[PDB]
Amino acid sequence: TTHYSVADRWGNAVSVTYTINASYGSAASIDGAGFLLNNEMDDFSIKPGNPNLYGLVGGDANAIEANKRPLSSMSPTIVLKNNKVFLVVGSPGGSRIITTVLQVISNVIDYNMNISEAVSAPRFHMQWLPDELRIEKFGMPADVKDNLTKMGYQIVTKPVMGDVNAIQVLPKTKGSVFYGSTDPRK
């Protein structure tokens, strides 16, 4: 999965997340055509309660049916301020997309980080099952981990989450200024 963000001088913004699901999709290509096929069918629930590639589970709502579109977690997002473009943001990461994107938005709005700071900041993740608080290397100091563990979290350090490409737009006396960040994770 990969996300890209575009904003122009006329006030259009386009936030695109697209994918073949796994890295290199199904790993099978169309002979003669040179492209990899997706493995997007794994985003369905293939059996009630069966965890997919991202540990996500389902029942009736996300069961397979002919022509049905498998449930995604992709979250291409635009944030507006007074109806003008403010953020263009998104990320890959399967189940982690939702939490990655909201953390970047929160970092800007709640903590007044610029877009580079908001993207670089360590990320955590909770997805109900598994019942764990997923964190990143160097992302949480002992004091914070200790306090969260006391609350009843099971903290686990896992590979870095996401790959945010984000734009922040700020008005100027004349026009706007566009600020960008790619993700130090990849």
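Start at 1 with the first residue shown and count on from there.
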query: Between 17-25 and 164-172 (mean CA B-factor, as deposited), the higher; finding: 164-172
query: Comparing 121-129 with 47-55, the one whose average Cα B-factor in the PDB entry is higher; finding: 47-55
query: Criterion, highest CA B-factor; candidates, 73, 116, 100, 107; finding: 116
query: Position of residue 154 among the chain's modelled residues by C-alpha B-factor, lowest, middle or highest third; finding: highest
query: Chain thirds of CA B-factor: placement of residue 91; finding: lowest
query: Chain thirds of CA B-factor: placement of residue 140; finding: highest
query: CA B-factor ranking of residue 31, expressed as a third of its chain; finding: middle
